[PDB]
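Written below as C-alpha cells is the structure these notes are about.
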Amino acid sequence: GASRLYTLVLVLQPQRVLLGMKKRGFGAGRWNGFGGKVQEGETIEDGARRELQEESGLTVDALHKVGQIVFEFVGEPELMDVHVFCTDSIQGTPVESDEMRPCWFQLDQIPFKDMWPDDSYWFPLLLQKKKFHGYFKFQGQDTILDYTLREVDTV
Ligand SMILES: CCCCNC(=O)c1ccc(-c2cc3c(Nc4ccccc4)c(C(=O)NC4CC4)cnc3cc2F)cc1F
C-alpha cells in the first residue's frame, strides 16, 4: 500500500500549453504543470481541479485522463502515483499564485532545460495525444537512475 495519490494538469490548446514557474517547495525553479497531493474526501479528478484553481485561478468544463507516472525517490517510503490530466476548455485568465507564475509556451518552444528531467521522456507523448504509463526513479531532484515508459489504450 506504499503509494500516495497526486494529480498533474496540463492546459493544452491547439498551438500552446500552459506551464507555471514553481516559486517554492519541490520543483522550485522549474516549469511545472498544476497539481499536488489528493486529499481525504475528494476524488482524484476533483483534487486535479482544486490544484488547478489554487495555483492558476482557472476552472475547467472537462478534464481528460492522459497518463499515469509513478515516481520513486531513494530514501522516500511512499511512491508518488501521479494521475495526469489534460484540458483545452479553460474558464478564466491564468493568474500568478504564491506557488506558481503561469506562462503560455508554443508547442515547439517547450522549456525542457528548465523542466523536470523526466519531462523530456513523457511530455512529448502528452503533446502527441498518446496515453502513457511512466515510472521514474530519482536520486535527489536532478538524477534519473531508472525509468520505464509505454503507451497504453486505457489510463
Ligand atoms: C514526502 C512527500 C514527497 C516530497 N516531495 C514532493 O512532494 C514531490 C517531489 C517531486 C515531484 C515531482 C513533480 C514533477 C512534476 N510536477 C508535479 C507533479 C505532481 C504534482 C505536482 C507537480 C513534473 C511536471 O510538472 N512536468 C511538467 C510537464 C508538466 C514532472 N516531473 C515531476 C517529478 C517529480 F518527482 C512531486 C512531488 F510532490
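Counting neighbours? That spans all protein chains shown, and the Cβs are built from the backbone with ideal geometry, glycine included. Readers should treat all values here as calculations from the given coordinates under stated rules, not as data from a laboratory.
Which of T7, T154 comes first, and how do the rest follow, when ranked by fewest Cβ neighbours within 10 Å?
Working: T7 25, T154 6.
Fewest-to-most ranking of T7, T154: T154, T7.
Which entries of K37/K137; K23/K131; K22/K129; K22/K137; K37/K65; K22/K130 show an alpha-carbon separation above 23 angstrom in the structure shown?
Going by Cα-Cα distance, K23/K131; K22/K129; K22/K130 fall outside the 23 Å limit.
If you stretched the chain out fully between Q141 and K113, how much longer would it get, using 0.36 nm times the residue separation minus the C-alpha to C-alpha distance?
Gain in length upon complete extension: 8.7 nm.
At most 14 other Cβ atoms within 10 Å plus a DSSP loop assignment makes a site exposed; report the longest stretch of the chain without any exposed GluC sites (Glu not before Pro).
79-155
Multiplying the sequence separation of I44 and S97 by 0.36 nm and subtracting their Cα-Cα distance, what value in nm do you get?
Length gained, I44 through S97: 16.9 nm.
Treating only the Cα positions of the chain as identical point scatterers, give the base-10 log of I(q)/I(0) from the Debye formula at each q in 0.14, 0.19 Å⁻¹.
Reported log10 I(q)/I(0), two decimals: -0.66, -1.32.
Modelling each spin label as a point 7 Å along the Cα-to-Cβ direction, I'd like the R4/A28 distance in nm, to one decimal.
Rounded to a tenth, the inter-label distance reads 1.7 nm.
Scan the stretch 1-92 for chymotrypsin sites (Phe, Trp or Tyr not before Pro) in coil per DSSP, keeping those whose Cβ has at most 15 other Cβ atoms within 10 Å, and list them by number.
Here the chymotrypsin sites (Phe, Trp or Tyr not before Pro) that fit, given the DSSP loop and packing criteria, are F26.
If I model a spin label at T148 and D81 as a point 7 Å from the Cα along the Cα→Cβ vector, what separation in nanometres do I get?
Using points 7 Å along Cα→Cβ, the separation is 1.6 nm.
Taking the Cα centre of the chain as origin and charging only Cβ (+1 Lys, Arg; -1 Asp, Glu), how large is the dipole, in debye to the nearest 20?
In total the dipole reaches around 340 debye.
Which trypsin sites (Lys or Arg not before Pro) in the stretch 1-102 sit in a loop by DSSP (not H, G, I, E or B) and have at most 13 other Cβ atoms within 10 Å of their own Cβ?
Listed in order of number, the matching sites are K23, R24.
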